[PDB]
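The chain contents come next:
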Amino acid sequence: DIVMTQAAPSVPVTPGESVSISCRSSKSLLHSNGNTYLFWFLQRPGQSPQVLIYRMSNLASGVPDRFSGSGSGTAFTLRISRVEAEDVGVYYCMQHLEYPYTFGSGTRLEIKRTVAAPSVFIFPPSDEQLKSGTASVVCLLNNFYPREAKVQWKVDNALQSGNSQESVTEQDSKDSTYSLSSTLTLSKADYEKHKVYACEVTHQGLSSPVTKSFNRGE
Amino acid sequence: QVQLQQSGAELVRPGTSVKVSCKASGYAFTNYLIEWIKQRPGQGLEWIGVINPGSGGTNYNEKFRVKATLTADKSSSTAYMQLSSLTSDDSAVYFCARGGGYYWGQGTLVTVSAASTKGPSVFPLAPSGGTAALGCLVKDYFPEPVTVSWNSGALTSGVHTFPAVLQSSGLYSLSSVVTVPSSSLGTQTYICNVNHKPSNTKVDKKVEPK
């Protein structure tokens with residue numbers, strides 16, 4: 001088969017600047033009809049892919065003309081000029097020269113913005129959940145940048161290990177931030193045996209770790 | 001307008017077969033190829049194969065030759081893909097697309113599992129700079145997905161519905177949060193609308209300040 005390679009898994013770019021996404025093929029995608037059968041696609045989270053560039057350098061109908069494609073027969077560049085925050089997504093190359101058609105592994109576009117520390121909130125388990133025998137404690141880190149953020153849980157000043165799970169949102173298409181939730185799961189009985197629940201957040205925007213806590217029963 | 005309308009999500013047991021459809025409209029169905037694409041959760045795109053609905057001819061990626069069968073029904077302008085001997089590796093979104101990749105279907109989620117469907121419990125995350133955060137915890141459901149809206153869709157600004165996590169129990173959980181003016185906590189009802197279609201579960205949970 002023809003192997004498509006995308007050497008960078010992500011490229012960062014500040015809105016208004018231009019950015020290049022690279023792809024390579026293991027065989028020339030040139031056809032005797034003169035066209036190079038390299039295609040570029042965008043996929044936004046939760047959506048179907050959409051074509052940007054057809055036959056290496058041609059702008060697909062309706063795509064903004066700040067997208068352009070160029071290449072040799074074996075190395076290709078999607079150039080996105082005047083990047084907008086809404087350009088977050090994954091960009092794939094694909095060859096249509098020979099069966100089986102094959103895709104590159106994808107390159108995310110990461111929008112750069114001003115560093116922003118998270119706003120941190122902590123939620124005790126609801127009494128409704130406690131009635132069922134389990135307690136979930138939730139720490140929300142809201143609207144931060146960059147993506148990297150570490151959460152450590154402490155119960156009665158003892159660092160927790162093994163009992164949390166985190167989820168991160170996709171980079172926001174308007175404000176370019178992320179949000180993160182960390183959920184600490186313990187039994188109802190253990191929740192009621194301890195008093196102080198704390199989530200400690202480390203992030204580039206913070207000069208020292210930030211802690212949010214509550215005291216059970218208060 | 002050209003449209004490719006794919007069939008709904010499938011929860012199917014391992015070792016069985018599933019047949020998904022792609023109904024074309026807005027153009028001469030027999031004059032264009034239909035291609036099929038697999039996307040495992042959080043992963044990239046993989047090309048399955050292509051059918052010419054006019055001639056019935058097909059080409060398959062060798063990796064899908066045994067797994068997949070592509071057919072087309074000229075009378076209903078529908079393309080079909082059957083997957084046989086299903087395993088967990090086949091759990092993915094499957095797309096159809098018209099040749100060249102301008103027009104795509106919306107995708108069909110296929111989940112292969114022997115596990116039983118289970119509806120979620122929904123618990124409030126009560127509110128306690130002038131901004132309050134509140135939310136809903138949607139716990140212990142299977143399979144994906146759950147969708148969340150706030151105030152029947154009237155509240156979208158400041159909402160974050162997190163990707164679900166697979167818990168060590170084998171059940172999924174997610175949370176959905178929203179930030180609002182603290183001054184609104186006494187005057188505005190906040191309800192999270194939770195939909196878990198696989199179990200036909202709908203919960204509209206009011207989130208009260210504590």
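As drawn, each chain counts its residues from 1 in written sequence order, possibly unlike the entry's numbers, and residues without coordinates are not displayed. As a convention, the first chain written is A and the first ligand written is 1, with the rest following in written order. Note that water and hydrogens are dropped before the side-chain values are worked out from all heavy atoms of the structure. Residues with missing side-chain atoms are left out of burial classes, side-chain pairs and their counts.

- Method-wise, the PDB entry is recorded as coming from X-ray crystallography, at a reported resolution of 1.48 Å.

1. Re the interface of chain B and chain A
And then number 1: The contact criterion used throughout is that any non-hydrogen atoms of two residues lie within 4.5 Å. Counting from both sides, the interface comprises 40 residues of chain B and, opposite them, 37 residues of chain A.
And then number 2: Here the quantity called buried area is the total loss of accessible area, with a 1.4 Å probe, experienced by two parts when brought into contact, counted for both. Summed over both partners, the interface of chain B with chain A buries about 3,100 Å², with 65% contributed by carbon and sulfur atoms.
And then number 3: One side-chain nitrogen of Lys or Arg within 4 Å of one carboxyl oxygen of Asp or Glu is enough to make a salt bridge. Summed over the shared surface of chain B and chain A, the number is one salt bridge.
And then number 4: We define a polar contact as two N or O atoms separated by no more than 3.5 Å, with the added condition that, inside protein, one atom must be a possible hydrogen donor and the other a possible acceptor, whereas residues neighbouring each other in sequence contribute only through side-chain atom pairs. At the junction of chain B with chain A, the criterion picks out eight residue pairs in polar contact.
And then number 5: For the purposes of this entry, the term helix denotes a DSSP run of H or I that reaches at least four residues, the term strand denotes a run of E that reaches at least two, and both are numbered from the N terminus. Among the secondary structure elements, those contributing two or more residues to the side of chain B that touches chain A are β4 (34–39), β5 (46–51), β11 (121–125), β12 (131–141), β14 (159–161), β15 (165–166) and β16 (172–181) of chain B.
And then number 6: Looking at the side of chain B that touches chain A element by element, the count peaks at five residues for β12 of chain B.

2. Things to note about the sheet that holds strand β9 (residues 92–98) of chain B
Residue and element names in this part refer to chain B.
And then number 1: Pairing between two strands is assigned when DSSP locates at least 2 bridges connecting them. On the basis of which strands lie adjacent, the open sheet formed by six strands has the order β2-β10-β9-β4-β5-β6 and mixed pairing. Edge strands, defined here as strands with exactly one partner in the open sheet, are β2 (10–12) and β6 (58–60). The sheet shows a mean angle of 20° between the axes of neighbouring strands, direction not considered.
And then number 2: Relative to strand β10 (residues 108–112), β9 runs antiparallel, the two sharing three bridges. Counted as the bridge partner of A92 is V110 from β10. Comment: axis = line fitted to C-alpha atoms, over the contacting stretch for helices; angle = value between 0 and 180 degrees taken between N-to-C directions.

3. A closer look at empty space enclosed by the protein
And then number 1: Estimates place the volume of the largest cavity at around 40 Å³.
And then number 2: Cavities and pockets were defined on a 1 Å grid built over protein atoms only: a cavity is a set of grid points that admits a 1.4 Å probe from which the probe cannot escape, a pocket is an open set flanked by protein on both sides within 12 Å along at least five of seven lines, and lining residues are those with an atom within 4 Å of any such point. Together, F41, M94, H96 and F103 of chain A together with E35, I37, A97, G100, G101 and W104 of chain B line the largest cavity.
And then number 3: Ten residue types, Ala, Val, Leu, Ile, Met, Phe, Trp, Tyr, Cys and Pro, are classed as nonpolar, four, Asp, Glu, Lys and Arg, as charged, and the remainder, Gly among them, as polar. Split by residue class, the lining of the largest cavity holds six nonpolar, three polar and one charged.
And then number 4: Looking at the second largest cavity, the residues that line it are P124, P125, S126, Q129 and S136 of chain A together with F123, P124, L125 and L137 of chain B.
And then number 5: Considering each element in turn, the lining of the second largest cavity owes the most residues, three residues, to β11 of chain B.
And then number 6: Per-class residue counts for the lining of the second largest cavity are six nonpolar, three polar and no charged. Grid points are joined across faces, edges and corners, and a volume is the space filled by probe spheres set on the points.

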